[PDB]
Amino acid sequence: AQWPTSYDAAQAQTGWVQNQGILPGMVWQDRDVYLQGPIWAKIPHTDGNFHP
Amino acid sequence: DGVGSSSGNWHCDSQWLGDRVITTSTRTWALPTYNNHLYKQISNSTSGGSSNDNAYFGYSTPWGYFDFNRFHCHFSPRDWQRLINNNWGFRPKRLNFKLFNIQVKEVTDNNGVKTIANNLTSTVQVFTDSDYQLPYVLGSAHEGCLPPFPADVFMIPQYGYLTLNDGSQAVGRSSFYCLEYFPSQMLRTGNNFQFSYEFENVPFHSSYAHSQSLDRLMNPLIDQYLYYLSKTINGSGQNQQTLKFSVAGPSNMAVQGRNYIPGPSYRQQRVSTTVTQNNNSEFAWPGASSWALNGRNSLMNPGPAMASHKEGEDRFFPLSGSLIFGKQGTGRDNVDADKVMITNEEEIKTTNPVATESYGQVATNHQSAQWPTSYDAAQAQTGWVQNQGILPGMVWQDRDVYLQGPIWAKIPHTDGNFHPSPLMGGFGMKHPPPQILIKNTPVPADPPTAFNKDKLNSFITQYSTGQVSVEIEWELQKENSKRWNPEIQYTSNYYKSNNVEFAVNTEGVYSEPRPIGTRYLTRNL
Amino acid sequence: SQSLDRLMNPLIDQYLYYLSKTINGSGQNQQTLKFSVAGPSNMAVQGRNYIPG
Amino acid sequence: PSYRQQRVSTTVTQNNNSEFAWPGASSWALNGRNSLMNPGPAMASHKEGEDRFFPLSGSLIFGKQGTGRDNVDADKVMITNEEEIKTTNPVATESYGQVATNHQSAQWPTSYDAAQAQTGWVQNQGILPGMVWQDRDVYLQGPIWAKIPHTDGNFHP
Amino acid sequence: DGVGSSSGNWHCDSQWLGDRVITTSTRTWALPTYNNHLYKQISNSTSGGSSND
Amino acid sequence: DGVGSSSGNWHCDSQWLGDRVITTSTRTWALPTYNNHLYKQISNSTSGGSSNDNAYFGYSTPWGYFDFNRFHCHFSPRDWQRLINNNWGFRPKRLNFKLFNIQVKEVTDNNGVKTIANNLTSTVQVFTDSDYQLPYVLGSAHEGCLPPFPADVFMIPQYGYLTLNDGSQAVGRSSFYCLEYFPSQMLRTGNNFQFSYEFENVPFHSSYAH
Amino acid sequence: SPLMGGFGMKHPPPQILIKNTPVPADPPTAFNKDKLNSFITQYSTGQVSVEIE
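Residue numbers (the deposited numbering), protein chains in the order written: chain H, 587 to 588, 588A to 588G, 589 to 631; chain D, 219 to 588, 588A to 588G, 589 to 736; chain C, 429 to 481; chain P, 482 to 588, 588A to 588G, 589 to 631; chain E, 219 to 271; chain R, 219 to 428; chain F, 632 to 684.
Right, here's the structure in full:
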């Protein structure tokens, strides 16, 4: 709000989130498979992965 | 049945054992006739022309349901104090549910005077959705729970559900459920109903606060064997670039290397309880920080567990990042701040980011010196991180539970989820306690003496009452801390007052004066 | 057959409050704090346990 | 995942002629206190073909034998580099990628409404499904173990 | 008979098996007094003069 | 339950043995609805401005209690004469309590005329504070005991208790008790209640003069 | 020994509490979260027997 001096005061501002990573409490569905689509894939042999 | 015999007993107490506590609650309920025994399609168009964000399509059913998904339904205030002052964690194990002492009454309203009489031959239908084949509405923090005070008589809420909508219209994928399509038994006089359920394995709720912060886990006496960049120029300037490194360092704890980082964040607008400090503009929706789904904006209600405010300022709260309860007798439309109770998660500030602050800063360019040409050279620039997703090495605490807060929620049946702890607090399960549906069996009035194929729409006015008992066994996690100084404990204030806290007033109205958390004891890390 | 933002009971209010007004309107020094119950008519601001992926 | 770090060159003449160790540090805050994002998420130290660049605080820096403790030169310290994990982890001093920030549209009724496609830089990216990464390497002079903080939740501790 | 006891249950569902399906339906009925407990002879003449058909 | 069957009997007499006497008393009681099923905070301020000596703070409950803590509740005047004219001392040993023949009535008061009818499906809740977890008010010489004459019908008194007070105000140490926080069972039609108790060892009362 | 006369005990005969179970009147057909304050006017009567040796 105002408080000592004037220029310091500023209204609430928001920004757009174009990319969002995983957060706790998130839920989602994986991509659908198709009759012409692939069946399986090999998970790369790495130290870590998420939802492979 | 009969004057000299009952169909059920008292059963209202709490038993404390070594590592277990068993709570039993008994209440008296009243069940009216809902929707005149009809299923009705409902939508936002039936309540005027609203915005796209509030459009819905669903059905209202003549059934009622039992709700005890709140902690005060099972713990007395003193029992809650015993739980939170002596245990590091707790979790439900199994529950027992009983329905008994059914009484069905019929009402006649002729020429003004109203008469109520017993209807001994009427029935009440009860079933449990143990296969989770119906929409689950117990995880939306709705009213109609068992009253916290055992002496109160409560009304059973009406069951309704929503499905897919396009504005106020439906689509072919929308589902219609008839609750009479579930097994129906024939009952005699004096019957009772009961069933048991076992809670699936859930983690203990963290009913403690951390005595250490994530950025202060090092030894304050010993240096690290790691170096950090401390100087880039000698100072003065023309061509003074250099690279100097230093050891950190109890005197430079900020730049020390660390193994773990604070959990995820999602920026919320900051609101002050001192109204003169807020901006002189209407910002509740404009600065709400919401999320969108299929073109519909939904408020980011509490959301990720984040610290409510920085240290030394409890007058600030996130716009929609905290649970807000209403005081006893508080209205429902545009009430003042003194009529509501705003919770704060200040305990988790040791591991979770502040809800009204940026997660941190990140580099947004490549600093470069002169090199061929001049305009190409640019100083280092950073940008604010307003939302940060999960990163490896992240740690966080979940939202606290409250005496007036919800207990459990149903995890949506989807392909994937991450850390399915309910955002309003509690235990998230794939198979939560099943919904218990109840309804009065319709009793038609006198039909005409000539056959008519239309369904009957003239019934005897009836309602039912009875007693309901729910018993839940909880597992306890004891504390074995080596802390020397005394801990912080929840306690009542000795100072005199007109009324006793968590009691009834002169008019006989029970009230809960403040919200009670669970994080009073402390532990390291 | 259900959306993540429409999992609540459309007939029963929540026991949680949300900030609904910050000024009385007109202006010079009109800051205030008003809270409300949501609310089948205000499903957007209801508290929820899970969020989209 | 990634978390942008400032890029510093071992060739001092290539760096900006200004004092930036704290100002461009890329830190995180807790209870009003700023703490350096010391090494942090495991990310590739530099792009291929340039080992003269290192992240500001994204690498373990050991001291040589007999090295002092206050304001020592670069030749007195040993800067590690995680160049091996560049096959799966993002470069520490680069953006994770680009994302769309608007709706491209053609003409349609009126003119000013029309807008070309625009993209923005992603400086920090959290965990997403289908992500894979390698953890930070261990060293002969490095630590062996650590205690996971006793909290309600953590990810990949 | 009695408030605490019923004489019948829900029994309304359908069970699907390999080569069999079992359907169960339960409804509530109302039965009035018909014809004032009398048997009555009826004919087309009692409803006017109709055709031979 | 039923016309042809009762749930309890006469049981009103006194048996004299060698060194023991057994007294049995049966009375008919009436229990109204107290406090409109509410718990109410009470204090001296609610009854005007009294002196500091009479200040109090407590609660009134919708419960009633049974009182037989008077000698005429068990001894007839002739039985009392037999006791005091022939014995140097006496003391209680054990007691048996029974509640039976419960009848719940509902009252309708429309346009003046009052009608009373049976409510066969209603229940009455009874419990004993065998752990002494509630304030004890039977040792204050209060009214509401069983009438000395067996033929009299009496009203069950309302239960209330007091706690710590500072004038008409309360303090943090004050306790609030809810009687519904005790075990509650589901009852059918025609039930009865009974329990036994053994008196702890007490000295004989000196029923003599020196 | 009680000053008004009699036998003083640490564990005297326990208090026996009794109450009529409330029976609410007809509730409204629309849900309301407030506790019910409309009950059927009732009272109870019976017999009590106490035997002391």
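In this text, a Cβ means the ideal position worked out from N, Cα and C, and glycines have one as well.
Rounded to whole angstroms, the gap between the alpha carbons of D/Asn583 and P/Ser483 is 15 angstroms. Approximately 6 angstroms separates the beta-carbon atoms of R/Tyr377 and F/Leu648; this is inside 8 angstroms, confirming the contact. D/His360 has C/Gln442 as its beta-bridge partners, per DSSP. In this structure, R/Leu382 lies away from D/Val715, with their beta-carbon atoms at least 9 angstroms apart. The residue from D/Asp556, D/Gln343 and D/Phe286 with its alpha-carbon nearest to that of D/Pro366 is D/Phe286.
Contact annotation: in the stretch 614-629 of chain P, residues whose CB is within less than 8 angstroms of a CB in chain D are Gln615, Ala620, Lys621, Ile622, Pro623, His624, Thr625, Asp626, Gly627, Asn628 and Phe629. Inter-residue distance for F/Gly639 and R/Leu317 is about 26 angstroms (C-alpha atoms, whole angstroms). When DSSP states are grouped into helix, strand and coil, C/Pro468 belongs to the helix group. Around the beta carbon of F/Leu667, 16 or more other beta carbons lie within 10 angstroms, which makes this residue buried. Burial is judged here by how many other beta carbons sit within 10 angstroms of a residue's own beta carbon; C/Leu444 has at least 16 and is buried. Interface annotation for the stretch 335-362 of chain R against chain E: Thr339, criterion Cβ-Cβ distance under 7 angstroms. Where D/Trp298 is concerned, the enclosing alpha helix (DSSP H) starts and stops at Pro295 to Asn304. Residue pairing for D/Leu648: DSSP places it in a beta bridge opposite D/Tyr283 and D/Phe345. Taking the C-beta atoms as reference points, R/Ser402 is found nearer than 9 angstroms to D/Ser680. In this chain, the beta strand (DSSP E) harbouring P/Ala581 covers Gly578 to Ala581.
Among the CB atoms of chain F, none fall inside 9 angstroms of the CB of D/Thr279. Scanning its chain for C-beta atoms nearer than 6 angstroms, with the 5 sequence neighbours on each side dropped, one finds around R/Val322 the residues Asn337 and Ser340, in chain order. A distance below 9 angstroms separates the beta carbons of C/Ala472 and D/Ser508. R/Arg300 and R/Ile374 have their alpha carbons spaced roughly 30 angstroms apart. Chain D places a beta carbon closer than 9 angstroms to that of F/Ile671, counting this residue as a contact. For F/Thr676, the enclosing beta strand (DSSP E) begins and ends at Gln673 to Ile683.
Neighbourhood of D/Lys528 in chain P, by CB distance below 8 angstroms: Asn512 and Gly513, in chain order.
For D/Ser508, the chain C residues whose C-beta falls within less than 9 angstroms of its own C-beta are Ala472 and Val473, listed in chain order. If you ignore the 5 residues before and after R/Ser261, its C-beta comes within less than 6 angstroms of the C-beta of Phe275 and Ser386, all in its own chain and listed in chain order.
P/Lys557 carries a helical assignment under DSSP once its states are collapsed to helix, strand and coil. D/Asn328 is bridged by DSSP to D/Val331. Restricting attention to beta strand (DSSP E) runs no shorter than 3 residues, the stretch 346-410 of chain R encloses them at 371-373 and 376-381, ordered along the chain.
In this structure, DSSP gives D/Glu416 an extended state, which the three-state scheme calls strand. For R/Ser243, the closest C-alpha among the options R/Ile320, R/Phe315 and R/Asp271 is that of R/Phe315. Bounds of any beta strand (DSSP E) do not take in P/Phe501, whose DSSP letter is neither H nor E.
In the assembly as shown, D/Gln700 is an exposed residue. Its beta-carbon has fewer than 16 other beta-carbons within 10 Å. Using a Cβ-Cβ cut-off of 9 angstroms, D/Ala555 counts as an interface residue toward chain C, since at least one Cβ of chain C sits closer than that to its own. For D/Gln412, the closest of D/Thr346, D/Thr494 and D/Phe400 by C-alpha to C-alpha distance is D/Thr346. Selection D/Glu565, D/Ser424 and D/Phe543 evaluated against D/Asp556 yields D/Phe543 as nearest (Cα-Cα).
Within the same chain, and ignoring the five residues on either side of D/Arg694 in sequence, the residues whose Cβ sits closer than 8 angstroms to its Cβ are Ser429 and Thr733. Non-local C-beta neighbours of D/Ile334 in its own chain, meaning closer than 7 angstroms and more than five positions away in sequence, comprise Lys323 and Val325, ordered along the chain.
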